[PDB]
Structure formats: C-alpha cells, structure tokens
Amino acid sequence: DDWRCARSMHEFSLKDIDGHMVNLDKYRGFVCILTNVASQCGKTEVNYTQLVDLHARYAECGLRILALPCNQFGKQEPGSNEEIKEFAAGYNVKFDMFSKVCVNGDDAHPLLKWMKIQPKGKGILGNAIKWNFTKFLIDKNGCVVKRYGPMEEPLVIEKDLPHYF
C-alpha cells in the first residue's frame, strides 16, 4: 500500500483514540481540518477551544475535525491515548480524536507522508511538520487544499471554509 500513489485522503485508514481502525472514506462529502495536537503545548488551549468552536458553528455545514496526537515536538504529548482522550474531553471536544501517531520521518503514518507532499500541503522551509498544531484543510474529495502553520490559530481557517463547503 504505497502512499505516493494516493489520490485522496479517503484512500487511507487511521486508528481512532480507542484503537478501532477507521477508514477515511467516511469523510467523503465533508470538509475536514486535520491537525496534530499536543496536551502540554503553549498553544494547546487556544487550539483546542477554537477547534471546538469551529466544530460547533460549522458541524451542520459539513465541517469535521481530525485531531492526531503527536509527540515528536518537544515531547508535549507524553501520556497515553486514554489520558489524551480525557484531556480532550476536558475541552468538550466532540470531533474525532485519533490515536497517537508519528507525523515526520520514516515511521510517520502514510497519510501524513502523503499530505506533506501535496501541492497545497507542502511546507515553507521543507515539507516537514514544524511543530504541534499544524493544520491542513481537506475538501469534500479528500484533497489537501491548504496548510496552516503552528502559530496560526484555528479561526484563521474560517475565512477559507466558504470556498469548500
């Protein structure tokens, strides 16, 4: 299952926060925000709160949010998936939390390896995820249409959602 031969995110699969394998074609026809999250980061609260806000105002517009806990940046996500799932519930998170994952390097999940090279998924000084809370906007056809940096608070994405709803 080589990852460079992928046309859409719908072609991948991911374990949710409870270990069950989730096929990503369940987001066909939905606009998604994929982000790597961290519990002990300096921008955890602004991201988790703003994502819950965007999920609430735009859920019935078809907006889904996919949080992928990652540890490769400053070790800011050290707990287990149940500790993270509880941490997310502390923000009233009602979108989809997935299991901890690597986003950079060779052990990175094939999805992240795919998204990092996409025309709108490529980074500035290299395509690597630079820190926690890098955001990717994915359209209804499971295609990367933009990438937001770790400082960019989730509400900067709202002005772009109408182009893909």
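Throughout, we count residues from 1 along the sequence that is shown.
A.B. asks: Read off the CA B-factors in the entry, average them over 18 to 26 and over 148 to 156, and name the higher stretch.
C.D. replies: It is 18 to 26 that shows the higher mean C-alpha B-factor.
A.B. asks: Which has higher Cα B-factors on average according to the PDB entry: 45 to 53 or 133 to 141?
C.D. replies: Per the deposited B-factors, the answer is 45 to 53.
A.B. asks: Could you tell me which third, lowest, middle or highest, the C-alpha B-factor of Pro119 occupies within its chain?
C.D. replies: Its C-alpha B-factor, which the entry lists for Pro119, ranks in the middle third among residues of this chain.
A.B. asks: Based on the deposited C-alpha B factors for this chain, I'd like to know if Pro69 is in the lowest, middle or highest third.
C.D. replies: Within its chain, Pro69 is a lowest-third residue by C-alpha B-factor, going by the deposited values.
A.B. asks: Ranked by Cα temperature factor within the chain, is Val31 in the lowest third, the middle third or the highest third?
C.D. replies: Within its chain, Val31 is a lowest-third residue by C-alpha B-factor, going by the deposited values.
A.B. asks: Divide the modelled residues of the chain into thirds by Cα B-factor and specify which third, lowest, middle or highest, holds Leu125.
C.D. replies: Top third by C-alpha B-factor.
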